[PDB]
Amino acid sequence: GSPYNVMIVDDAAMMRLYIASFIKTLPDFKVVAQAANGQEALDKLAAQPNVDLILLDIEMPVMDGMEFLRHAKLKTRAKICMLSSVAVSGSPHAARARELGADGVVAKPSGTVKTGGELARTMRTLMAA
């Protein structure tokens, strides 16, 4: 309800920290788990059933039987938003997200060239849907 509980799953420690730091600044979301791989994500998720939203790297290899994504989709009611390393427009990522059963996709934020404005907007849209 409020705040919404977020799990961040990305093999890049820098991206996990960057996204976590950003979520600290949103009053409506907090981070409750972070994971670098599918099994760790399963371990943290299965133990933390209050997760409302999972942010998942679309570049992270799926487990061989897709146990993490399957568990998230079929054994929880968490929303799943894929994170893409490139612009979503012109990529196959929006279609790949739907295929995997994800509820949305958004580009990973960066300190490059505001900062997480699009990310925050997407997270909020997903939870209000």
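When you see a residue number, it is the position in the sequence shown, counting from 1.
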With respect to the deposited sequence, is there a break between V113 and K114 in this entry, and if so is it 1 to 3, 4 to 9, or 10 or more residues, or none at all? 4 to 9
Averaging C-alpha B-factors over each stretch, which comes out higher, 56-64 or 33-41? 56-64
Output the stretch having the higher mean C-alpha B factor in the entry; the candidates are 8-16 and 114-122. 114-122
Using only the C-alpha B-factors in the record, can you name which of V86, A78, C81, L69 has the highest? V86
Here the Cα B-factor of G90, set against its chain, lands in the third termed highest
Using the B-factor values recorded in the entry, state whether the Cα atom of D28 falls in the lowest, middle or highest third among the modelled residues of its chain. lowest
